[PDB]
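Since every read-out is calculated from the coordinates, none of them should be taken as a lab result. As a convention, Cβ positions derive from the backbone with ideal geometry for all residues, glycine included, and neighbour counts pool all protein chains shown.
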Amino acid sequence: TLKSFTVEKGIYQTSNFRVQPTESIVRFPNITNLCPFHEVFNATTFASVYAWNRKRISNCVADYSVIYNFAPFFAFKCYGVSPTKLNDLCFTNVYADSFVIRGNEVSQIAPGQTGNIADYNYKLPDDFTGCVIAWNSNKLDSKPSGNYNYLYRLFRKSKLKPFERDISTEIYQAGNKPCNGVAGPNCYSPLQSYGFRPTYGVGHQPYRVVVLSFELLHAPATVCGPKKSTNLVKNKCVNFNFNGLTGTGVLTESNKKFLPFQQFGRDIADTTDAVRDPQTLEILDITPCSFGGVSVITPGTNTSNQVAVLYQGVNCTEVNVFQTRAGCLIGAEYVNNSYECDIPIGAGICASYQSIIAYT
Amino acid sequence: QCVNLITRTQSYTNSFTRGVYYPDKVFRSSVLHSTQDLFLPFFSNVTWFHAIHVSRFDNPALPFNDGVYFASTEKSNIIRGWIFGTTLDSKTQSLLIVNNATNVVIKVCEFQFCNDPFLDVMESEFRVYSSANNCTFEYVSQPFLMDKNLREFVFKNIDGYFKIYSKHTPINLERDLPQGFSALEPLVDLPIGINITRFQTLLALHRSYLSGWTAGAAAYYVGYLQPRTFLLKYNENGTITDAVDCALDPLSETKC
Amino acid sequence: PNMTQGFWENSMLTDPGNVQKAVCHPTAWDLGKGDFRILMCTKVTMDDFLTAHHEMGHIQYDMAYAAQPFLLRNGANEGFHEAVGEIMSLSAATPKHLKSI
Ligand SMILES: *[C@@H]1O[C@H](CO)[C@@H](O[C@@H]2O[C@H](CO)[C@@H](O)[C@H](O)[C@H]2NC(C)=O)[C@H](O)[C@H]1NC(C)=O
Ligand SMILES: *[C@@H]1O[C@H](CO)[C@@H](O)[C@H](O)[C@H]1NC(C)=O
Ligand SMILES: *[C@@H]1O[C@H](CO)[C@@H](O)[C@H](O)[C@H]1NC(C)=O
Ligand SMILES: *[C@@H]1O[C@H](CO)[C@@H](O)[C@H](O)[C@H]1NC(C)=O
Ligand SMILES: *[C@@H]1O[C@H](CO)[C@@H](O)[C@H](O)[C@H]1NC(C)=O
Ligand SMILES: *[C@@H]1O[C@H](CO)[C@@H](O)[C@H](O)[C@H]1NC(C)=O
Ligand SMILES: *[C@@H]1O[C@H](CO)[C@@H](O)[C@H](O)[C@H]1NC(C)=O
Ligand SMILES: *[C@@H]1O[C@H](CO)[C@@H](O)[C@H](O)[C@H]1NC(C)=O
């Protein structure tokens with residue numbers, strides 16, 4: 001510090017002591033109001049692909065982990081986002097589209113694909129942001145006489161636009177003569193039945209498909225994936241993340257009675273001094289970890305090479321150890337005798353070399 | 001089923017020191033904090049509206065400006081909520097706040113509002129609006145119109161969030177806007193994200209069963225918030241017990 | 001390709017018994033809807049082994065053309081369907097194949 005190899009007798013301020021953070025705490029509000037994923041991926045009755053069911057999802061917490069652990073999936077293809085980042089992302093609206101198709105057509109629920117299902121039943125845009133999920137449903141949608149309650153649109157005049165539904169049952173007019181409503185030659189009803197049976201081949205067995213589409217608008221995003229709320233650790237220097245307010249400090253017990261609407265606390269000089277825990281309604285006194293000015297008390301190098309260290313402002317229990325009002329002095333022994341001041345320490349304490357002694 | 005039943009008269013009164021609210025959710029104790037926010041100025045001109053239905057369209061829609069201070073001395077059942085929006089028809093989104101005896105429903109949809117909307121008492125919303133389509137928000141919670149008692153609210157529409165602040169006071173043998181300080185507490189922050197330029201108060205009318213609706217009156221005070229700097233006093237327990245308006249007079253400006 | 005799961009689950013590759021009577025003729029069935037089965041009262045013989053190769057050749061032929069429309073799901077002529085099973089019967093009966101397995 002002094003840029004010399006010989007140090008004259010005195011006290012020199014050389015460094016800054018700091019208490020490094022030991023742990024990190026990220027306590028967040030008690031998770032509740034969980035988005036109804038248990039009612040989309042587990043319904044007693046699904047819908048036909050022509051009249052595909054759409055559920056809007058807003059103002060709730062998106063716990064995608066149940067979706068992950070809800071059945072073995074033939075495809076969990078996500079177009080535009082990675083399967084993991086989901087939980088740490090917050091979207092404005094989530095659309096869940098549910099329907100039943102046959103296995104061979106599961107490849108058609110993707111951007112840029114063609115077929116009967118993509119052109120006439122359910123179309124995804126080329127810039128689709130979301131995931132497609134499909135799973136086998138033999139035990140729920142197959143009957144031996146034939147399940148005739150699942151329908152699909154086979155005939156349509158023009159292709160469907162993305163996220164469009166047609167519920168029309170109008171007789172498809174394939175010829176030149178008008179159909180007149182009654183089925184007859186060259187006039188076919190567009191909705192055909194998916195005659196599911198348990199003994200079909202893998203490509204024809206009923207598959208339940210849920211398409212999750214995530215959209216962001218100018219509105220504030222209110223579908224934010226659950227943030228892990230770790231255990232609370234007190235009386236130590238821990239990096240704290242409480243409701244998006246970050247810092248580093250000890251969390252001691254607080255005697256401050258907050259009003260029910262208040263969440264944080266500030267000092268006279270607009271620095272945080274308190275916080276309310278969002279898991280348990282208790283008040284904690286955020287106090288930053290100890291720091292001090294490390295000063296080195298040494299005589300001349302001509303006489304001796306012994307040194308003493310003064311941690312200014314630091315109690316001795318938080319770092320020949322003596323406690324002074326200036327701070328903690330390590331390396332000097334207190335003597336009840338009084339002499340003249342040789343090296344000034346502070347608060348009436350001075351140091352001298354005789355070993356290094358500290359005295360009033 | 002839109003029917004015109006309410007006539008409204010208006011007078012002007014003094015705000016005194018009403019309308020102070022907590023500008024954030026931060027605990028401050030025994031300090032003086034200067035904040036610049038949308039506040040109702042001290043001793044400002046507040047419009048007192050008397051809405052009378054006796055058993056033509058005379059209940060116009062009020063502007064919203066930068067925020068609205070609402071007060072009422074009426075009971076909790078007569079005034080039952082508010083309407084917020086710009087055009088108040090099916091072409092733009094709108095916010096409907098409806099309170100009843102059990103809970104409050106705050107809902108943002110495409111309401112085709114009536115010219116004179118009122119809740120008629122079961123309770124029916126067919127006289128409030130004729131249709132509600134493309135509905136994008138719903139929030140049901142405990143009511144904030146519960147049971148002489150002055151009820152104060154502050155509505156702000158800042159950067160997508162609709163902030164509602166409320167306070168109740170046991171007033172007695174004094175002008176409805178009393179002296180002293182009663183700081184309003186943050187009640188709800190709603191992620192609405194719509195444009196609000198106009199607003200209207202919702203009243204409840206009872207069927208007559210004998211002049212289809214029972215005759216009634218409702219009195220409420222409306223003031224408008226302005227960008228003002230206030231100096232709030234936080235006491236030992238964190239309550240705002242006093243405030244000075246920095247631009248009201250030279251003495252308060254010196255205090256500021 | 002390998003054999004489907006429904007082939008192993010639904011085919012009756014052994015004579016069921018005396019109480020339940022079945023036709024003992026070796027036949028390959030193309031039910032459709034991805035369902036392929038073999039009706040064969042298999043015994044332990046060199047013959048039934050070669051015949052099983054023949055009928056699995058029939059089923060592989062039926063599986064390859066499944067993607068085709070319904071009225072074209074057959075052999076190109078009446079000779080190809082049995083020829084593609086008989087070539088398997090030819091290849092499986094060789095001394096090299098019997099020493100391999
Ligand atoms: C008070 O308002 C609540 C909420 O609008 C009403 O409760 C709802 O009643 C409907 C009946 O049409 C039910 O379908 C809902 O499930 C209820 N919601 C809740 C949250 O309970 C209630 O009926 C209203 N009471 C009166 C007297 O009007
Ligand atoms: C999911 O479906 C299974 C099927 O039987 C059922 O047992 C279970 O209770 C369902 N779970 C939920 C959360 O709906
Ligand atoms: C948070 O959840 C825990 C665990 O159920 C519960 O004991 C605690 O009371 C909850 N806190 C609040 C404020 O609801
Ligand atoms: C309040 O406003 C009205 C009209 O806007 C005006 O006539 C009246 O004088 C105002 N009140 C005061 C106290 O100035
Ligand atoms: C609003 O509703 C109409 C019909 O109800 C529809 O045509 C229009 O696309 C809808 N707009 C939005 C943004 O949902
Ligand atoms: C809000 O609505 C008013 C009235 O229609 C309009 O003049 C104003 O431009 C709108 N503001 C925005 C930001 O769209
Ligand atoms: C603050 O809290 C204390 C302790 O509960 C209470 O005695 C006192 O009346 C409260 N109010 C003021 C203004 O000190
Ligand atoms: C199916 O064939 C593959 C090679 O194409 C083989 O690795 C796999 O084991 C076969 N399946 C079974 C069940 O033997």
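I'd like the distance separating the alpha-carbon centroids of the range A:122-189 and the range A:222-287, in whole Å.
After rounding, the separation between the Cα centres reads 55 Å.
Run the reach check for A:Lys85 against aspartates and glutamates, Cα to Cα strictly under 13 Å, same-chain hits fewer than 8 apart removed. What comes back?
A:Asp63
Given 25 °C and 0.890 mPa s, how large is the Stokes-Einstein diffusion coefficient of the range C:11-101 in µm²/s, with Rh as the Kirkwood radius over Cα pairs?
It comes out at roughly 170 µm²/s.
Excluding same-chain residues fewer than 8 positions from B:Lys163, which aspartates and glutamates have a Cα within less than 18 Å of its Cα?
B:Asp24, B:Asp37, B:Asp66, B:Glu138, B:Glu152, B:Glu185, B:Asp189
Quick one: which residues, 5+ away or cross-chain, put their amide H under 5 Å from the amide H of A:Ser290? H built at 1.01 Å from N.
A:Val19
Using a Förster radius of 35 Å, what is the FRET efficiency between C:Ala93 and C:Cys41 based on their Cβ-Cβ separation? Nearest 0.05, please.
0.95
Suppose each label sits 7 Å from its Cα in the direction of the beta carbon; what would the A:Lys177-A:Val66 distance come out to in nanometres?
Spacing of the two 7 Å Cα→Cβ label points: 5.6 nm.
Using a 10 Å cut-off on Cβ to Cβ distances, tally the other chain neighbours for every residue of A:196-208 and report the average as a whole number.
That works out to 4 on average.
Run the reach check for C:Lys21 against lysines, Cα to Cα strictly under 28 Å, same-chain hits fewer than 8 apart removed. What comes back?
A:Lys143, C:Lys33, C:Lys43
To the nearest whole percent, what portion of all C-alpha pairs in the range B:165-232 is separated by more than 19 angstrom?
Percentage above 19 Å: 63.
Across peptide A:328-336, what mean number of C-beta atoms from other chains lies inside 10 Å of a residue's C-beta?
Partner Cβ neighbours, averaged per residue: 0.
Please state, as a whole number in µm²/s, the translational diffusion coefficient that the Stokes-Einstein equation yields for chain A at 37 °C and 0.692 mPa s, with Rh defined as the Kirkwood radius across alpha carbon pairs.
Answer from the Stokes-Einstein relation: 120 µm²/s.
Measuring from the lowest to the highest alpha carbon on each principal axis, how far does the range A:53-114 reach, largest first, in angstroms?
Principal-axis extents of the Cα atoms in the range A:53-114, largest first: 35, 23, 22 Å.
In Å and on Cα atoms, what radius of gyration and Dmax does the range A:1-53 show?
That works out to 32.7, 91 Å for Rg and Dmax.
Could you list which residues have their amide H under 5 Å from that of A:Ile345, counting only those 5 or more apart in sequence or on another chain, with H placed in the peptide plane?
Sorted by chain and number, the residues that satisfy this are A:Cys350, A:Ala351.
To the nearest 500 deg cm²/dmol, what mean residue ellipticity at 222 nm is calculated for chain B from DSSP H runs of n ≥ 4 alone, each contributing -39,500 (n - 2.57), summed and divided by the residues?
-500 deg cm²/dmol, from helical runs alone.
To the nearest Å, what is the center-to-center distance of the range B:16-58 and the range C:9-39, using C-alpha atoms only?
85 Å
Report, in whole Å, the centroid distance computed from the Cα atoms of the range A:312-347 and the range A:68-98.
Here the answer is 62 Å between Cα centres.
Taking a quarter of the surface of the convex hull around the Cα atoms of the range A:119-171, what do you get in nm²?
Averaged projected area of the range A:119-171's Cα convex hull equals 5.4 nm².
Is there a simple number for the mean count of other chain Cβ atoms within 10 Å of the Cβ of residues in A:263-269, and what is it?
Per residue, the average neighbour count from other chains is 5.
Name the long-range amide H neighbours of B:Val128: under 5 Å, sequence gap of 5 or more, or other chain; modelled H, no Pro or chain starts.
Those qualifying (amide H under 5 Å, at least 5 residues apart or on another chain) are B:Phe118.
Do the alpha carbons of any pairs in A:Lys257/B:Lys25; A:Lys234/A:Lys257; A:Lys257/B:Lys167; A:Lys161/B:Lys91; A:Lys236/A:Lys256 sit beyond 22 Å of each other, and which pairs?
A:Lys161/B:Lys91
What Kirkwood radius, in Å to one decimal, follows from the Cα pairs of chain B?
Here the Kirkwood hydrodynamic radius works out to 19.2 Å.
So how strong a dipole does chain A carry about its Cα centre when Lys and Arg Cβ are +1 and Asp and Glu Cβ are -1, to the nearest 20 debye?
1760 debye
Quick one: of the DSSP bridges fully inside chain B, what percent are antiparallel, nearest 5?
Of the beta bridges lying entirely in chain B, close to 95 percent run antiparallel.
Over all Cα pairs of the protein assembly as shown, how is the pair count split among 20 Å bins, expressed in % and running from 0 up to the last occupied bin?
12, 27, 26, 19, 12, 3, 0
Can you work out the Karplus-derived ³J(HN,Hα) for every residue in the range B:19-24? Use 6.51 cos²θ - 1.76 cosθ + 1.60 with θ = phi - 60°, whole Hz, and x for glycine or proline.
For the range B:19-24, the Karplus-derived couplings read x, 6, 9, 6, x, 8 Hz, x marking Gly and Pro.
Residue by residue through the range A:12-23, which ³J(HN,Hα) values in whole Hz follow from phi under the Karplus form 6.51 cos²θ - 1.76 cosθ + 1.60 (θ = phi - 60°), with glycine and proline marked x?
10, 8, 10, 8, 10, 6, 9, 9, 5, x, 9, 10
Need one number: nm distance between label points at A:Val335 and C:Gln5, each 7 Å from Cα along Cα→Cβ, rounded to one decimal.
9.0 nm
In whole Hz, with x marking every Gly and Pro, tabulate ³J(HN,Hα) for the range B:223-229 from phi via Karplus 6.51 cos²θ - 1.76 cosθ + 1.60, θ = phi - 60°.
x, 10, 6, 10, x, 9, 9
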